[PDB]
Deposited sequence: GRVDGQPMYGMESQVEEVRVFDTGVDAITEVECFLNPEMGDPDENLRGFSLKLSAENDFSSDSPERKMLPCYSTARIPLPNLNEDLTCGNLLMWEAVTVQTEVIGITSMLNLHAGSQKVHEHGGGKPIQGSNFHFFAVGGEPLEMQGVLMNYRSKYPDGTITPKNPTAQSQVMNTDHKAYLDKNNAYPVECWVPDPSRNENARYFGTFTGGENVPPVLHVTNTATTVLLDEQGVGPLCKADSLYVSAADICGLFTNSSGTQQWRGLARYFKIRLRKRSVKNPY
C-alpha cells in the first residue's frame, strides 16, 4: 500500500508514547492524514480545481485536479514474531476548522459592501482504522463518466454500477487515487477494520465540526477484539470534504482539511 509517509524524513507520525504498568503495555500512535482535494496548483494545496457543471452523462470527463480522493497511510509497527498489535481506541478530529473564519481572502462578497461567502454545501467526513487496507465498493452517479489518468475507478462499469454492481471491489491501496465520488467502504467486508462516515448534501448546508481531546471511539467488537494489524501494519483512512469555496467570479472549489489520529494499541495472542 503506497500511502502518505509514516516513517522516514516526511513521516506524519507526530509522537509514539508507551504506557507500561508492568503488564499489558499500551502503545499510542499520534499521526495525521492530509486531504487530497486535487491541489490544482502549488499554492492551492487543500483545494480542488473549480467545478464544471451540466455535463451530459454521455460527455462527463472530469479533470484530475477537480476530484477529491480518499487519503490512506500504512503505519509500520514493531515486529513481534502469534502476538499481534490490536487497535483498541481512536481519538480523531479535523485539523484547522477555524480557517473557515477567513472571509477576507478569495471568497465572493455575500452582497454589496458585505464580507466573503463562507465555505458551505455538500460535505463528507469519514475515517477508518484497520489491520489491513480499507476495502471499497464502487458506486457511480453516472457509469459513463470518463475518469482521468491518475485515478482508479470502477473497471468496466455498467448501468448497474449506478446502484449495486459486485464487480467493483477494491483495496484503498494508493493515497490520492480513489475518487471519493466513486467509492464507499464495502460493508460486505472490512471484518478487520472500523469505519465511520457522514455525507450531508445540498447547496446551503452549513459545515458543523466539533473538536475535543475528551472523545474516544472504542474499536473493540462485541467479543472485545479490535482490528488486528496483519504484517505489523496499522491502516488509517480519511475523507474530509468540508464544503465548497465560492470565488468572486462565482466559480466553486472543494476545500478539505487534515485529520488527526491517536490510536491506542496492545499486544494480543491469536491463533
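- No alpha-carbon coordinates exist for the deposited sequence positions 1-2, 84-90, 281-283, given here in order along the chain.
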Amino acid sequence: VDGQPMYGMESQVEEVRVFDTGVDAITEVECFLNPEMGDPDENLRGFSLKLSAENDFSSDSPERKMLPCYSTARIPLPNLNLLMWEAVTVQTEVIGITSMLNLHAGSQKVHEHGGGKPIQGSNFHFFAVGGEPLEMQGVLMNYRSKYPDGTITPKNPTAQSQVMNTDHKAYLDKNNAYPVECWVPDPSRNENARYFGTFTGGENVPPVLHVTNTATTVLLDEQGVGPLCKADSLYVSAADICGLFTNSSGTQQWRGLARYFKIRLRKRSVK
From here on, numbers count along this sequence of modelled residues.
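- Higher average CA B factor: 111-119, of the stretches 193-201 and 111-119.
- Between 180-188 and 72-80, the higher mean Cα B-factor belongs to 72-80.
- Placement of the Cα temperature factor of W254 within the chain: lowest third of the modelled residues, per the deposited record.
- When all modelled residues of the chain are sorted by CA temperature factor, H125 is found within the lowest third.
- Ranked within its chain, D39 lands in the middle third, by CA B factor from the PDB record.
- Annotation for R64: CA B-factor lies in the middle third of the chain's modelled residues.
- In the deposited entry, the Cα temperature factor of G224 places it in the highest third of its chain's modelled residues.
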